>>> print(open('start.txt').read())   # compact mmCIF, N, CA and C atoms and all ligand atoms
# COMPACT_ATOMS: atom_id res chain seq x y z
N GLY A 1 -22.71 2.57 -3.36
CA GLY A 1 -21.98 1.32 -3.49
C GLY A 1 -21.08 1.15 -2.28
N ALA A 2 -20.22 0.15 -2.34
CA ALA A 2 -19.46 -0.23 -1.15
C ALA A 2 -18.27 0.65 -0.90
N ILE A 3 -17.89 1.47 -1.88
CA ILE A 3 -16.70 2.31 -1.74
C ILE A 3 -17.09 3.64 -1.11
N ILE A 4 -16.29 4.10 -0.15
CA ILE A 4 -16.61 5.34 0.54
C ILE A 4 -16.23 6.55 -0.32
N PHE A 5 -14.99 6.56 -0.84
CA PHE A 5 -14.36 7.68 -1.49
C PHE A 5 -14.08 7.41 -2.96
N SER A 6 -13.99 8.49 -3.73
CA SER A 6 -13.35 8.44 -5.04
C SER A 6 -11.98 9.08 -4.92
N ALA A 7 -11.18 8.92 -5.97
CA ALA A 7 -9.89 9.60 -5.98
C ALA A 7 -10.10 11.10 -5.85
N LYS A 8 -11.09 11.62 -6.57
CA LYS A 8 -11.39 13.04 -6.49
C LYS A 8 -11.67 13.46 -5.04
N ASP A 9 -12.36 12.61 -4.26
CA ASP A 9 -12.61 12.94 -2.85
C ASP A 9 -11.33 12.99 -2.05
N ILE A 10 -10.38 12.09 -2.31
CA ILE A 10 -9.12 12.15 -1.58
C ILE A 10 -8.40 13.45 -1.88
N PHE A 11 -8.39 13.86 -3.15
CA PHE A 11 -7.76 15.12 -3.52
C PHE A 11 -8.48 16.31 -2.89
N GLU A 12 -9.81 16.28 -2.87
CA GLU A 12 -10.55 17.46 -2.43
C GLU A 12 -10.72 17.54 -0.93
N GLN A 13 -10.41 16.48 -0.20
CA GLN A 13 -10.65 16.45 1.24
C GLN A 13 -9.93 17.60 1.95
N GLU A 14 -10.65 18.31 2.78
CA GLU A 14 -10.03 19.37 3.58
C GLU A 14 -9.88 18.92 5.03
N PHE A 15 -8.86 19.44 5.72
CA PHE A 15 -8.70 19.13 7.12
C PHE A 15 -8.54 20.45 7.85
N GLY A 16 -8.97 20.49 9.09
CA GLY A 16 -8.61 21.64 9.92
C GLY A 16 -7.13 21.63 10.19
N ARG A 17 -6.65 22.75 10.71
CA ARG A 17 -5.28 22.84 11.18
C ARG A 17 -5.28 22.79 12.70
N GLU A 18 -4.19 22.29 13.27
CA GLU A 18 -4.02 22.40 14.70
C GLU A 18 -2.54 22.57 14.99
N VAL A 19 -2.23 23.16 16.14
CA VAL A 19 -0.83 23.19 16.53
C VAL A 19 -0.42 21.76 16.80
N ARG A 20 0.80 21.43 16.41
CA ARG A 20 1.34 20.08 16.49
C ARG A 20 0.47 19.10 15.72
N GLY A 21 -0.12 19.52 14.62
CA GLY A 21 -0.80 18.58 13.74
C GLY A 21 0.17 17.86 12.85
N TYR A 22 -0.38 17.03 11.96
CA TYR A 22 0.45 16.30 11.04
C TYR A 22 1.08 17.21 10.00
N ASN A 23 2.35 16.95 9.68
CA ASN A 23 3.02 17.63 8.58
C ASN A 23 2.20 17.53 7.30
N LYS A 24 1.77 18.68 6.77
CA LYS A 24 0.83 18.67 5.63
C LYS A 24 1.51 18.11 4.38
N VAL A 25 2.79 18.43 4.21
CA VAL A 25 3.51 17.97 3.04
C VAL A 25 3.56 16.47 3.04
N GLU A 26 3.80 15.89 4.21
CA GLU A 26 3.94 14.45 4.33
C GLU A 26 2.60 13.78 4.11
N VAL A 27 1.55 14.30 4.73
CA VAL A 27 0.22 13.74 4.48
C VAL A 27 -0.15 13.85 3.02
N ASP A 28 0.10 15.00 2.42
CA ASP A 28 -0.30 15.20 1.04
C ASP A 28 0.48 14.29 0.11
N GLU A 29 1.78 14.12 0.34
CA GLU A 29 2.56 13.26 -0.56
C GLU A 29 2.19 11.82 -0.37
N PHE A 30 1.76 11.47 0.82
CA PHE A 30 1.20 10.15 1.03
C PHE A 30 -0.15 10.00 0.33
N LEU A 31 -1.02 11.02 0.42
CA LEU A 31 -2.32 10.95 -0.25
C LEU A 31 -2.19 11.00 -1.78
N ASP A 32 -1.09 11.54 -2.31
CA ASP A 32 -0.81 11.41 -3.73
C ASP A 32 -0.88 9.95 -4.14
N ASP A 33 -0.26 9.10 -3.35
CA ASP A 33 -0.17 7.70 -3.73
C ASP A 33 -1.50 7.00 -3.45
N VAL A 34 -2.18 7.40 -2.37
CA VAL A 34 -3.52 6.88 -2.11
C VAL A 34 -4.43 7.19 -3.29
N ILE A 35 -4.38 8.44 -3.77
CA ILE A 35 -5.16 8.81 -4.93
C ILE A 35 -4.82 7.92 -6.12
N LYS A 36 -3.54 7.69 -6.36
CA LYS A 36 -3.20 6.85 -7.51
C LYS A 36 -3.78 5.45 -7.36
N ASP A 37 -3.86 4.95 -6.13
CA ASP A 37 -4.45 3.63 -5.94
C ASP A 37 -5.95 3.68 -6.11
N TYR A 38 -6.60 4.76 -5.66
CA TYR A 38 -8.02 4.87 -5.93
C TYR A 38 -8.30 4.88 -7.41
N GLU A 39 -7.48 5.60 -8.19
CA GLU A 39 -7.67 5.58 -9.63
C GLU A 39 -7.44 4.19 -10.19
N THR A 40 -6.36 3.53 -9.76
CA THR A 40 -6.05 2.20 -10.27
C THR A 40 -7.14 1.21 -9.91
N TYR A 41 -7.55 1.21 -8.63
CA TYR A 41 -8.60 0.29 -8.21
C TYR A 41 -9.92 0.54 -8.92
N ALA A 42 -10.33 1.80 -9.07
CA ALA A 42 -11.56 2.08 -9.80
C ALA A 42 -11.49 1.56 -11.22
N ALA A 43 -10.34 1.75 -11.87
CA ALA A 43 -10.15 1.27 -13.24
C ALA A 43 -10.14 -0.25 -13.29
N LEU A 44 -9.48 -0.87 -12.30
CA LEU A 44 -9.42 -2.34 -12.23
C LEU A 44 -10.80 -2.95 -12.06
N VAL A 45 -11.59 -2.44 -11.11
CA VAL A 45 -12.88 -3.11 -10.93
C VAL A 45 -13.73 -2.91 -12.15
N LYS A 46 -13.62 -1.74 -12.80
CA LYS A 46 -14.39 -1.49 -14.01
C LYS A 46 -13.98 -2.46 -15.10
N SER A 47 -12.67 -2.54 -15.34
CA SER A 47 -12.18 -3.47 -16.37
C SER A 47 -12.69 -4.86 -16.10
N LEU A 48 -12.53 -5.33 -14.86
CA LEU A 48 -12.90 -6.71 -14.51
C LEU A 48 -14.40 -6.95 -14.62
N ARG A 49 -15.22 -6.07 -14.05
CA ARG A 49 -16.64 -6.33 -14.12
C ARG A 49 -17.14 -6.28 -15.56
N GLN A 50 -16.54 -5.43 -16.39
CA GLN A 50 -16.94 -5.39 -17.78
C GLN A 50 -16.56 -6.68 -18.50
N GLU A 51 -15.38 -7.21 -18.19
CA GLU A 51 -14.97 -8.45 -18.82
C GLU A 51 -15.87 -9.58 -18.39
N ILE A 52 -16.21 -9.62 -17.11
CA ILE A 52 -17.11 -10.67 -16.63
C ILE A 52 -18.45 -10.62 -17.36
N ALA A 53 -19.00 -9.42 -17.52
CA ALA A 53 -20.29 -9.29 -18.20
C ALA A 53 -20.21 -9.84 -19.62
N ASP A 54 -19.11 -9.56 -20.33
CA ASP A 54 -18.90 -10.09 -21.68
C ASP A 54 -18.77 -11.59 -21.68
N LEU A 55 -17.98 -12.16 -20.73
CA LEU A 55 -17.87 -13.63 -20.66
C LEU A 55 -19.21 -14.28 -20.36
N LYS A 56 -19.99 -13.70 -19.44
CA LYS A 56 -21.30 -14.30 -19.19
C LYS A 56 -22.20 -14.18 -20.39
N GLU A 57 -22.09 -13.09 -21.14
CA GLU A 57 -22.93 -12.99 -22.31
C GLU A 57 -22.58 -14.09 -23.30
N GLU A 58 -21.28 -14.35 -23.45
CA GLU A 58 -20.87 -15.39 -24.37
C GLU A 58 -21.30 -16.75 -23.87
N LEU A 59 -21.27 -16.97 -22.56
CA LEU A 59 -21.47 -18.32 -22.04
C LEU A 59 -22.93 -18.70 -22.04
N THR A 60 -23.78 -17.73 -21.82
CA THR A 60 -25.19 -18.02 -21.60
C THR A 60 -26.00 -17.99 -22.86
N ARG A 61 -25.36 -17.83 -24.02
CA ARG A 61 -26.08 -17.78 -25.29
C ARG A 61 -25.67 -18.98 -26.14
N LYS A 62 -26.44 -19.21 -27.18
CA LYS A 62 -26.05 -20.19 -28.17
C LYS A 62 -24.72 -19.75 -28.81
N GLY B 1 2.71 -5.18 -8.24
CA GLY B 1 1.69 -4.90 -9.23
C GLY B 1 1.39 -3.39 -9.26
N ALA B 2 0.20 -3.05 -9.72
CA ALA B 2 -0.06 -1.65 -10.01
C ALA B 2 -0.50 -0.87 -8.79
N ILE B 3 -0.81 -1.56 -7.70
CA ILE B 3 -1.31 -0.95 -6.48
C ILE B 3 -0.10 -0.60 -5.61
N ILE B 4 -0.11 0.59 -5.06
CA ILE B 4 1.03 1.06 -4.28
C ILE B 4 0.99 0.57 -2.85
N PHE B 5 -0.15 0.72 -2.20
CA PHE B 5 -0.33 0.42 -0.80
C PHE B 5 -1.28 -0.75 -0.61
N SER B 6 -1.19 -1.37 0.56
CA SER B 6 -2.22 -2.24 1.07
C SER B 6 -2.92 -1.50 2.19
N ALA B 7 -4.06 -2.02 2.62
CA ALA B 7 -4.71 -1.46 3.80
C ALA B 7 -3.73 -1.38 4.95
N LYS B 8 -2.86 -2.38 5.06
CA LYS B 8 -1.89 -2.44 6.11
C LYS B 8 -1.05 -1.20 6.11
N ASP B 9 -0.68 -0.73 4.92
CA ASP B 9 0.20 0.41 4.81
C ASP B 9 -0.50 1.66 5.28
N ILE B 10 -1.82 1.73 5.04
CA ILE B 10 -2.59 2.90 5.45
C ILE B 10 -2.64 2.93 6.95
N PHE B 11 -2.85 1.76 7.55
CA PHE B 11 -2.90 1.63 8.99
C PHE B 11 -1.57 2.01 9.64
N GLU B 12 -0.46 1.58 9.06
CA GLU B 12 0.84 1.75 9.68
C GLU B 12 1.43 3.13 9.45
N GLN B 13 0.90 3.86 8.48
CA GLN B 13 1.54 5.10 8.05
C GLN B 13 1.65 6.10 9.19
N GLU B 14 2.83 6.65 9.36
CA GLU B 14 3.02 7.66 10.38
C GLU B 14 3.43 8.96 9.71
N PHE B 15 3.09 10.06 10.37
CA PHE B 15 3.41 11.39 9.89
C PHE B 15 4.09 12.12 11.02
N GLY B 16 5.14 12.84 10.70
CA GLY B 16 5.69 13.72 11.69
C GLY B 16 4.73 14.85 11.98
N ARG B 17 4.96 15.53 13.08
CA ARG B 17 4.13 16.68 13.42
C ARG B 17 4.92 17.93 13.06
N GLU B 18 4.20 19.00 12.69
CA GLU B 18 4.79 20.29 12.38
C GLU B 18 4.03 21.33 13.18
N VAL B 19 4.43 22.59 13.10
CA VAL B 19 3.95 23.53 14.10
C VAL B 19 2.46 23.80 13.93
N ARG B 20 1.97 23.89 12.68
CA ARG B 20 0.58 24.24 12.33
C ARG B 20 0.00 23.21 11.33
N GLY B 21 0.05 21.95 11.68
CA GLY B 21 -0.27 20.89 10.72
C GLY B 21 -1.75 20.58 10.60
N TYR B 22 -2.01 19.52 9.84
CA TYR B 22 -3.34 18.95 9.77
C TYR B 22 -3.80 18.44 11.12
N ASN B 23 -5.08 18.67 11.41
CA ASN B 23 -5.72 18.05 12.57
C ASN B 23 -5.54 16.53 12.51
N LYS B 24 -4.96 15.96 13.57
CA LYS B 24 -4.55 14.56 13.50
C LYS B 24 -5.75 13.63 13.59
N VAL B 25 -6.72 13.96 14.45
CA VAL B 25 -7.90 13.13 14.60
C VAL B 25 -8.69 13.10 13.31
N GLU B 26 -8.74 14.22 12.61
CA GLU B 26 -9.46 14.28 11.34
C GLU B 26 -8.73 13.50 10.27
N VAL B 27 -7.41 13.65 10.19
CA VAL B 27 -6.65 12.84 9.23
C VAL B 27 -6.85 11.36 9.52
N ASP B 28 -6.73 10.98 10.77
CA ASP B 28 -6.79 9.57 11.13
C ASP B 28 -8.19 8.97 10.94
N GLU B 29 -9.26 9.74 11.22
CA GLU B 29 -10.61 9.27 10.94
C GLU B 29 -10.83 9.10 9.45
N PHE B 30 -10.29 10.04 8.66
CA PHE B 30 -10.34 9.96 7.22
C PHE B 30 -9.63 8.71 6.74
N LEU B 31 -8.38 8.51 7.22
CA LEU B 31 -7.62 7.33 6.79
C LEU B 31 -8.30 6.04 7.21
N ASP B 32 -9.09 6.06 8.27
CA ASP B 32 -9.76 4.83 8.66
C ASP B 32 -10.76 4.44 7.61
N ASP B 33 -11.34 5.44 6.94
CA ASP B 33 -12.26 5.15 5.85
C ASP B 33 -11.50 4.70 4.63
N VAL B 34 -10.32 5.28 4.43
CA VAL B 34 -9.46 4.83 3.34
C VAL B 34 -9.08 3.38 3.56
N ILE B 35 -8.73 3.03 4.78
CA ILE B 35 -8.44 1.63 5.07
C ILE B 35 -9.60 0.76 4.63
N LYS B 36 -10.80 1.17 4.96
CA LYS B 36 -11.95 0.33 4.61
C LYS B 36 -12.06 0.18 3.11
N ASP B 37 -11.82 1.26 2.37
CA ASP B 37 -11.84 1.22 0.91
C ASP B 37 -10.77 0.32 0.34
N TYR B 38 -9.57 0.35 0.91
CA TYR B 38 -8.56 -0.57 0.41
C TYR B 38 -8.96 -2.01 0.70
N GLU B 39 -9.47 -2.26 1.90
CA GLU B 39 -9.96 -3.61 2.18
C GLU B 39 -11.03 -4.01 1.18
N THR B 40 -11.96 -3.09 0.87
CA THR B 40 -13.10 -3.45 0.01
C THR B 40 -12.63 -3.68 -1.40
N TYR B 41 -11.83 -2.75 -1.91
CA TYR B 41 -11.32 -2.89 -3.27
C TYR B 41 -10.50 -4.16 -3.41
N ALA B 42 -9.61 -4.41 -2.46
CA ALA B 42 -8.78 -5.62 -2.58
C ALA B 42 -9.65 -6.86 -2.62
N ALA B 43 -10.67 -6.91 -1.76
CA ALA B 43 -11.56 -8.06 -1.77
C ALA B 43 -12.35 -8.13 -3.07
N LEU B 44 -12.74 -6.98 -3.63
CA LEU B 44 -13.56 -7.01 -4.85
C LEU B 44 -12.76 -7.54 -6.03
N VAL B 45 -11.53 -7.09 -6.12
CA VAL B 45 -10.64 -7.50 -7.21
C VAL B 45 -10.29 -8.98 -7.10
N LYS B 46 -9.98 -9.47 -5.90
CA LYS B 46 -9.73 -10.91 -5.76
C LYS B 46 -10.92 -11.72 -6.26
N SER B 47 -12.12 -11.30 -5.89
CA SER B 47 -13.31 -12.07 -6.24
C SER B 47 -13.59 -11.94 -7.72
N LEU B 48 -13.44 -10.73 -8.26
CA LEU B 48 -13.69 -10.55 -9.69
C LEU B 48 -12.65 -11.28 -10.52
N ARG B 49 -11.38 -11.18 -10.15
CA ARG B 49 -10.43 -11.87 -11.02
C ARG B 49 -10.61 -13.39 -10.92
N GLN B 50 -11.05 -13.92 -9.79
CA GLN B 50 -11.26 -15.37 -9.73
C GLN B 50 -12.49 -15.78 -10.54
N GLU B 51 -13.53 -14.96 -10.47
CA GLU B 51 -14.73 -15.24 -11.26
C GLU B 51 -14.36 -15.30 -12.72
N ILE B 52 -13.58 -14.32 -13.18
CA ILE B 52 -13.17 -14.29 -14.58
C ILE B 52 -12.41 -15.54 -14.93
N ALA B 53 -11.42 -15.90 -14.11
CA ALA B 53 -10.67 -17.12 -14.38
C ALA B 53 -11.64 -18.29 -14.49
N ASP B 54 -12.58 -18.39 -13.56
CA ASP B 54 -13.49 -19.54 -13.61
C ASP B 54 -14.42 -19.51 -14.81
N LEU B 55 -14.94 -18.34 -15.18
CA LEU B 55 -15.79 -18.28 -16.36
C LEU B 55 -15.01 -18.59 -17.62
N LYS B 56 -13.77 -18.16 -17.68
CA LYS B 56 -13.00 -18.51 -18.89
C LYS B 56 -12.72 -19.99 -18.96
N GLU B 57 -12.44 -20.60 -17.81
CA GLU B 57 -12.19 -22.04 -17.82
C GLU B 57 -13.43 -22.75 -18.31
N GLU B 58 -14.60 -22.24 -17.93
CA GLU B 58 -15.84 -22.85 -18.38
C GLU B 58 -16.06 -22.62 -19.86
N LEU B 59 -15.90 -21.39 -20.31
CA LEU B 59 -16.22 -21.03 -21.69
C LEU B 59 -15.30 -21.73 -22.66
N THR B 60 -14.03 -21.83 -22.32
CA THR B 60 -13.07 -22.33 -23.30
C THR B 60 -12.98 -23.84 -23.35
N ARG B 61 -13.87 -24.54 -22.67
CA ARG B 61 -13.87 -25.99 -22.65
C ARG B 61 -15.20 -26.53 -23.19
N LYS B 62 -15.21 -27.82 -23.57
CA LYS B 62 -16.48 -28.47 -23.77
C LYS B 62 -17.31 -28.32 -22.46
N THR C 1 -1.77 12.48 -11.54
CA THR C 1 -2.19 13.26 -12.70
C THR C 1 -2.58 14.64 -12.20
N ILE C 2 -3.73 15.14 -12.66
CA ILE C 2 -4.24 16.40 -12.11
C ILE C 2 -4.54 16.24 -10.63
N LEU C 3 -4.86 15.02 -10.17
CA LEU C 3 -5.15 14.79 -8.76
C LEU C 3 -3.86 14.53 -7.98
N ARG C 4 -2.87 15.41 -8.10
CA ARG C 4 -1.71 15.30 -7.24
C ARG C 4 -2.00 16.21 -6.05
N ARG C 5 -2.25 15.61 -4.90
CA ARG C 5 -2.68 16.44 -3.79
C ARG C 5 -1.55 17.37 -3.34
N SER C 6 -0.31 16.97 -3.59
CA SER C 6 0.85 17.80 -3.24
C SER C 6 1.20 18.82 -4.30
N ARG C 7 0.33 19.07 -5.29
CA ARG C 7 0.58 20.19 -6.18
C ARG C 7 0.64 21.48 -5.38
N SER C 8 1.62 22.31 -5.70
CA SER C 8 1.81 23.53 -4.94
C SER C 8 0.59 24.45 -5.03
N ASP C 9 -0.16 24.37 -6.13
CA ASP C 9 -1.33 25.22 -6.31
C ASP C 9 -2.64 24.46 -6.15
N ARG C 10 -2.64 23.32 -5.45
CA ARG C 10 -3.91 22.63 -5.14
C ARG C 10 -4.94 23.61 -4.61
N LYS C 11 -4.50 24.57 -3.80
CA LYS C 11 -5.42 25.51 -3.18
C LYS C 11 -6.21 26.32 -4.19
N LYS C 12 -5.80 26.31 -5.46
CA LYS C 12 -6.58 27.00 -6.48
C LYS C 12 -7.91 26.30 -6.77
N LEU C 13 -8.04 25.00 -6.43
CA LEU C 13 -9.25 24.21 -6.66
C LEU C 13 -9.85 23.58 -5.41
N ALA C 14 -9.06 23.29 -4.38
CA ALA C 14 -9.54 22.47 -3.27
C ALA C 14 -8.92 22.92 -1.95
N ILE D 2 -9.59 -5.18 16.96
CA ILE D 2 -8.66 -6.28 16.73
C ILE D 2 -8.93 -6.99 15.43
N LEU D 3 -10.18 -7.00 14.97
CA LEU D 3 -10.48 -7.63 13.69
C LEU D 3 -10.79 -6.62 12.60
N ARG D 4 -10.88 -5.33 12.94
CA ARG D 4 -11.08 -4.25 11.98
C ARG D 4 -10.13 -3.12 12.35
N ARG D 5 -9.10 -2.92 11.53
CA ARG D 5 -8.04 -1.96 11.84
C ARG D 5 -8.56 -0.52 11.83
N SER D 6 -8.30 0.21 12.92
CA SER D 6 -8.50 1.65 13.02
C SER D 6 -7.23 2.30 13.53
N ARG D 7 -6.88 3.48 13.00
CA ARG D 7 -5.67 4.15 13.42
C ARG D 7 -5.73 4.62 14.87
N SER D 8 -6.92 4.74 15.46
CA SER D 8 -6.96 5.09 16.87
C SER D 8 -6.56 3.92 17.76
N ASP D 9 -6.71 2.68 17.29
CA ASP D 9 -6.06 1.59 18.03
C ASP D 9 -4.55 1.81 18.21
N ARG D 10 -3.96 2.75 17.49
CA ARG D 10 -2.54 3.00 17.61
C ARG D 10 -2.20 4.19 18.51
N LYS D 11 -3.20 4.83 19.11
CA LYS D 11 -2.90 5.88 20.06
C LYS D 11 -2.18 5.27 21.25
N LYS D 12 -1.24 6.03 21.82
CA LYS D 12 -0.56 5.67 23.06
C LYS D 12 -1.54 5.09 24.07
N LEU D 13 -1.15 3.97 24.70
CA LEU D 13 -1.96 3.42 25.79
C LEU D 13 -2.00 4.38 26.98
N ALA D 14 -0.83 4.96 27.34
CA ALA D 14 -0.71 5.80 28.54
C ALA D 14 -0.75 7.30 28.24
NI NI E 101 -9.27 -11.71 -19.07
>>> encode(input="start.txt", output="structure tokens", more="lines below")
Ligand code: NI
Amino acid sequence: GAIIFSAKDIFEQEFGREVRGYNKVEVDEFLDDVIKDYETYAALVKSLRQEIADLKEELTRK
Amino acid sequence: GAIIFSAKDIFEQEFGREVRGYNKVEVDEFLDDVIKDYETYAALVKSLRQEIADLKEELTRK
Amino acid sequence: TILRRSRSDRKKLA
Amino acid sequence: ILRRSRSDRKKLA
């Protein structure tokens, strides 16, 4: 589908280390919130597409 | 609303550097995909919620 | 939730 | 310019 990652992928993603790399705590606490948005967005599109399917079922029948 | 970040926030996010941090190019390439996912999800939700509004307007009327 | 990437013991799974 | 990438934010110099 059109989405690259799941929330689980954001949590499981590994990175190499380098000298003068990004502060891991800061990246991780930022990715905490990214993960929460992946969960919210996944739930939102599911809720919405399911509701649409129900409305079309109602509309297209007697 | 329930979403924490926009794609814009992913793009703008900065991290300090620490002595043995995450590889920056890898974090940034990863976040570029996250940006794309936020763009995609935001567009999907806008379109789905408008479709729903329009189908309900149709269903609930003569 | 369980997917808190900043969990101190994330390394136990990922 | 029409598709945001974080490498567009690397130092110019
Ligand atoms: Ni509704």
>>> residues_near_point(input="start.txt", point="(0.1, 19.9, 16.0)", cutoff="8 Å", atoms="only N, CA and C atoms", output="list in words")
residues 17, 18, 19, 20, 21, 22 and 23 of chain A; 16, 17, 18, 19, 20, 21, 22, 23 and 24 of chain B
>>> atom_distance(input="start.txt", atom1="atom N of residue 33 (chain A)", atom2="CA of residue 4 (chain C)")
7.5 Å
>>> residues_around(input="start.txt", residues="residue 11 (chain B)", least_positions_apart="6", cutoff="6.5 Å", atoms="all atoms listed in the file", output="VMD selection string")
(chain B and resid 35) or (chain D and resid 6 to 7)
>>> residues_near_ligand(input="start.txt", ligand="ligand NI 101 (chain E)", cutoff="7 Å", atoms="all atoms listed in the file", output="ChimeraX atom specification")
/A:51 /B:52-53
>>> atom_distance(input="start.txt", atom1="CA of residue 34 (chain B)", atom2="CA of residue 7 (chain C)")
20.7 Å
>>> closest_residue(input="start.txt", among="A:29, A:41, A:49, A:9", to="chain C", atoms="only C-alpha atoms")
A:29
>>> atom_distance(input="start.txt", atom1="CA of residue 14 (chain A)", atom2="atom C of residue 14 (chain C)")
6.7 Å
>>> residues_around(input="start.txt", residues="residue 1 (chain A)", least_positions_apart="4", cutoff="12 Å", atoms="only C-alpha atoms", output="list in words")
residues 5 and 6 of chain A; 37, 40, 41 and 44 of chain B
>>> select_by_dssp(input="start.txt", residues="chain A", states="alpha helix (DSSP H)", output="PyMOL selection string")
chain A and resi 7-12+24-59
>>> select_by_dssp(input="start.txt", residues="chain A", states="strand (DSSP E or B)", output="list in words")
residues 17, 18, 19 and 22 of chain A
>>> closest_atom_pairs(input="start.txt", of="chain D", to="chain B", cutoff="10 Å", atoms="only C-alpha atoms", output="Markdown table")
| residue | atom | partner | partner_atom | distance |
| --- | --- | --- | --- | --- |
| D:4 | CA | B:36 | CA | 8.7 |
| D:5 | CA | B:11 | CA | 6.9 |
| D:6 | CA | B:32 | CA | 5.5 |
| D:7 | CA | B:11 | CA | 5.8 |
| D:8 | CA | B:28 | CA | 7.3 |
| D:9 | CA | B:11 | CA | 9.6 |
| D:10 | CA | B:12 | CA | 8.7 |
>>> write_last_selection(input="start.txt", atoms="N, CA and C atoms", output="CSV table (one decimal), keeping the file's coordinate frame")
chain,number,residue,atom,x,y,z
D,4,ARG,N,-10.9,-5.3,12.9
D,4,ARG,CA,-11.1,-4.2,12.0
D,4,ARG,C,-10.1,-3.1,12.4
D,5,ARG,N,-9.1,-2.9,11.5
D,5,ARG,CA,-8.0,-2.0,11.8
D,5,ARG,C,-8.6,-0.5,11.8
D,6,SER,N,-8.3,0.2,12.9
D,6,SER,CA,-8.5,1.6,13.0
D,6,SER,C,-7.2,2.3,13.5
D,7,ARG,N,-6.9,3.5,13.0
D,7,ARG,CA,-5.7,4.2,13.4
D,7,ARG,C,-5.7,4.6,14.9
D,8,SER,N,-6.9,4.7,15.5
D,8,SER,CA,-7.0,5.1,16.9
D,8,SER,C,-6.6,3.9,17.8
D,9,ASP,N,-6.7,2.7,17.3
D,9,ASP,CA,-6.1,1.6,18.0
D,9,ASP,C,-4.6,1.8,18.2
D,10,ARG,N,-4.0,2.8,17.5
D,10,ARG,CA,-2.5,3.0,17.6
D,10,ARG,C,-2.2,4.2,18.5
>>> decode(input="start.txt", residues="region 9-20 of chain B", atoms="N, CA, C and O atoms", output="short mmCIF file (atom, residue, chain, number, x, y, z; two decimals), in the first residue's frame")
data_model
loop_
_atom_site.label_atom_id
_atom_site.label_comp_id
_atom_site.auth_asym_id
_atom_site.auth_seq_id
_atom_site.Cartn_x
_atom_site.Cartn_y
_atom_site.Cartn_z
N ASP B 9 6.74 19.20 10.68
CA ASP B 9 7.46 19.07 11.93
C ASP B 9 8.57 18.05 11.79
O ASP B 9 9.62 18.19 12.45
N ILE B 10 8.32 17.02 10.97
CA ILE B 10 9.33 15.98 10.76
C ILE B 10 10.49 16.58 10.02
O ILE B 10 11.65 16.34 10.35
N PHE B 11 10.18 17.41 9.03
CA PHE B 11 11.19 18.07 8.24
C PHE B 11 12.04 19.02 9.08
O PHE B 11 13.25 19.12 8.89
N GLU B 12 11.40 19.77 9.98
CA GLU B 12 12.09 20.81 10.72
C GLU B 12 12.84 20.28 11.93
O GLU B 12 13.69 21.01 12.50
N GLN B 13 12.53 19.07 12.35
CA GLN B 13 13.04 18.57 13.62
C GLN B 13 14.57 18.54 13.63
O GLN B 13 15.21 18.01 12.72
N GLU B 14 15.14 19.07 14.69
CA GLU B 14 16.58 19.04 14.83
C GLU B 14 16.93 18.25 16.07
O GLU B 14 16.14 18.14 17.00
N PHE B 15 18.12 17.65 16.04
CA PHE B 15 18.62 16.86 17.14
C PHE B 15 20.00 17.37 17.45
O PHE B 15 20.77 17.69 16.53
N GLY B 16 20.31 17.51 18.72
CA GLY B 16 21.67 17.78 19.07
C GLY B 16 22.54 16.59 18.77
O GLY B 16 22.07 15.47 18.59
N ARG B 17 23.84 16.81 18.74
CA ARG B 17 24.77 15.71 18.53
C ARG B 17 25.36 15.33 19.87
O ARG B 17 25.48 16.19 20.75
N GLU B 18 25.70 14.06 20.04
CA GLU B 18 26.34 13.55 21.24
C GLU B 18 27.56 12.75 20.79
O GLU B 18 27.83 12.62 19.60
N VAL B 19 28.34 12.24 21.74
CA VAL B 19 29.66 11.79 21.36
C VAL B 19 29.59 10.54 20.47
O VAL B 19 30.38 10.42 19.51
N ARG B 20 28.66 9.62 20.74
CA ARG B 20 28.51 8.33 20.05
C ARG B 20 27.04 8.11 19.61
O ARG B 20 26.41 7.09 19.87
#
